[PDB]
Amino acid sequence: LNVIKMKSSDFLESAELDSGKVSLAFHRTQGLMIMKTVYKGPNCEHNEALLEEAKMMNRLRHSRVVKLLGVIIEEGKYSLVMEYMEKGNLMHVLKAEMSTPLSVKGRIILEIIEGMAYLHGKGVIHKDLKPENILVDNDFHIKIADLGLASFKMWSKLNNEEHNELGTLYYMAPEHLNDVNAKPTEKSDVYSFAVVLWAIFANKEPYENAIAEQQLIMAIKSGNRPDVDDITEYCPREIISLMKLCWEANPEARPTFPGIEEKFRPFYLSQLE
């Protein structure tokens, strides 16, 4: 339940990944893993706080959240070590030439609901749910990640701290768009989820026809949402309903993940599984 303090010698770590300075690394005994090197540079401070924030992020253990296996914390380099998800992130899986069946897409959605229900269950606001932060194993089971380090302030600042040698907008609720200092709520995560449902049936990012960013922000704040007609393949009307309900302008008019799970699970089981 305390963090595993791993050494640099324990790995033969690879080149970067574009789905990240995130890299695949080979542990000498425990085998294949994912490593997020946060810092490289001279010695610095906050060592106890980072190791406590690692302990904090090690607390959250579920079948649908990515597990911290350990951390590297040495003289002038800081890294997070996490379990290997073979098929990469959700958006990578949807774009692949291999067909993703309806039943699988259904299960993926239930597994995300399960995972979000867990984090909210522990009083965690994700703040940055998006297909990047949804990883997929070889059996097409998923786990939720915080690779932005949204919920871990000391690690997130460490990336841009000082002497460091080493996306969101589409899934961010309109209340927080163009807001320098916004407080994200649980219902912020519910909006993100709605855009994720759309992406799962679109097999692409939303807002492809946007030209400038200030155009897209002002559009989404004025009530624009992903084009439902741009869903070419079959998407059940129950899920089309659900994503419209979850990307409501009014935060309070959105449901909660317990509320979603209660409706979606029996629908999934009866119609999609």
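The numbering used is simple: start at 1 and walk along the sequence shown. Take the two forms, find the largest set of C-alpha atoms that superpose within 1.5 Å, and that set is the rigid core.
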Farther-lying stretch by C-alpha RMS in 9 other deposited structures of this protein (rigid core fit) among 142-150, 197-205: 142-150
Higher C-alpha RMS shift from the shown form in 9 other deposited structures of this protein - 176-184 or 101-109, rigid core fit: 176-184
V93 left out of the model in a third or more of other PDB entries: no
Missing coords for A25 in a third or more of other PDB entries: no
Chain break class at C44/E45 - deposited residues not modelled: 1 to 3
Continuity check for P251 and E252, given as deposited residues lacking coordinates between them: none
Average Cα temperature factor in the PDB entry - higher stretch of 29-37, 234-242: 29-37
Which of 10-18 and 258-266 has higher mean CA B factor, as the PDB entry lists it: 10-18
Highest-ranked of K122, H141, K127, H163 once sorted by CA temperature factor in the record: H163
Criterion, highest CA B-factor; candidates, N203, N159, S151, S192: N159
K183 - which third its CA temperature factor falls in, relative to the rest of the chain: highest
Assigned third (lowest, middle, highest) for the C-alpha B factor of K77: highest
Entry-reported Cα temperature factor of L177, expressed as the chain third it lands in: middle
Within-chain third of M218 by Cα B-factor, per the entry: middle
CA B-factor ranking of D229, expressed as a third of its chain: middle
